[PDB]
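Below: one structure, written as structure tokens.
Lettering of chains follows the sequences in order, A, B, ..., and the numbering in each one begins at 1. All values below come from the heavy atoms of this structure, side chains included, with hydrogens, waters and symmetry mates left out.
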Amino acid sequence: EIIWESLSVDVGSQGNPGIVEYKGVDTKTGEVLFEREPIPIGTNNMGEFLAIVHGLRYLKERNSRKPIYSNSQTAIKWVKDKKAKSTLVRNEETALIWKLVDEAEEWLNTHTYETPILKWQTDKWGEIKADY
RNA sequence: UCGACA
DNA sequence: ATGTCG
Ligand SMILES: [Mg+2]
Ligand SMILES: [Mg+2]
């Protein structure tokens with residue numbers, strides 16, 4: 001019951017909080033469709049969030065109706081709420097990731113999308129295809 | 001007091 | 001170890 005005609009997204013980090021990146025892959029072929037340059041400090045959930053929103057923008061710009069898979073219950077709820085409820089301290093260190101988070105929320109609040117955001121079922125299907 | 005997703 | 005929600 002994997003919807004193979006989909007985009008899969010994931011975060012990778014070194015530390016948490018720590019250096020965060022993310023990418024999106026074609027679920028069928030594994031081809032890397034986008035990959036964000038590493039952000040010096042962020043959280044896992046911030047990156048999972050940014051990855052979904054990036055995915056929405058990617059698909060919207062390309063007139064694609066493909067769903068997005070994420071394994072993150074947290075990020076899926078933050079996107080649905082249009083609100084990233086991160087605990088990470090907002091200070092000079094974390095300014096870049098908070099800026100990105102702010103700009104993602106703002107995109108969600110200025111655009112429509114129909115993309116279904118689906119939970120990847122890691123316990124049945126193994127690791128999401130975007131995994132680092 | 002946990003249970004779960006990362 | 002930490003970041004998050006139910
Ligand atoms: Mg993940
Ligand atoms: Mg993962």
Please enumerate all residues that pass side-chain contact (heavy atoms from CB on, under 4.5 Å) together with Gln73(A), with sequence neighbours excluded. none

Look at the side-chain N and O atoms of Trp120(A) and state whether any lies under 4.0 Å from the OP1 or OP2 oxygen of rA6(B). no

Which residues pass the ring-ring contact (aromatic ring centres under 6.0 Å, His included) test with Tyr58(A), sequence neighbours left out? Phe34(A)

Any salt bridge linking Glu61(A) with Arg57(A)? Criterion: basic side-chain nitrogen under 4.0 Å from a carboxylate oxygen. no

Do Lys60(A) and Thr112(A) have side-chain heavy atoms sitting under 4.5 Å apart? yes

Considering only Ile, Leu, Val, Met, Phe, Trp and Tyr, and joining two whenever side-chain heavy atoms are under 4.5 Å apart, list the other residues clustered with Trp120(A). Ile2(A), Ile3(A), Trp4(A), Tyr69(A), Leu118(A), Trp125(A), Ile128(A)

Rounded to whole Å, CG of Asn45(A) lies from P of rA4(B) at a distance of 18 Å

It should be established whether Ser86(A) places a side-chain nitrogen or oxygen under 4.0 Å from OP1 or OP2 of nucleotide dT4(C). yes

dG3(C) phosphate, OP1 or OP2, under 4.0 Å from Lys85(A) side-chain N/O: no

Using whole Å, report how far CE of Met46(A) lies from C1' of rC5(B). 18 Å

Test: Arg90(A) and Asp102(A) ion pair at under 4.0 Å: yes

Here the distance between atom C1' of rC5(B) and atom CD1 of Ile76(A), to the nearest Å, is 9 Å

Tell me the interatomic distance from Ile128(A), atom CD1, to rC5(B), atom P, rounded to whole angstroms. 14 Å

Contact list for RNA chain B against residues 90-100 of chain A - heavy-atom distance below 4.0 Å: none

To the nearest 0.5 Å, how far apart are NZ in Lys77(A) and CD1 in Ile117(A)? 13.5 Å

How many Å lie between CD1 on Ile117(A) and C1' on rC5(B), as a whole number? 16 Å

Would you indicate, yes or no, if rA6(B) has its OP1 or OP2 atom less than 4.0 angstrom from a side-chain nitrogen or oxygen of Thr122(A)? yes

Tell me the interatomic distance from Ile52(A), atom CD1, to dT4(C), atom P, rounded to whole angstroms. 14 Å

Positions of residues 67-74 of chain A (non-hydrogen atom under 4.0 Å from RNA chain B), listed by number: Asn71(A), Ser72(A), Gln73(A)

From NZ of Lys77(A) across to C1' of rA4(B) the rounded distance in Å is 15 Å

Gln121(A) atom CD is separated from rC5(B) atom P, nearest whole Å, by 10 Å

Pairing residues for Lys66(A) by the side chain to side chain donor-acceptor pair (under 3.5 Å) criterion, not counting sequence neighbours: none

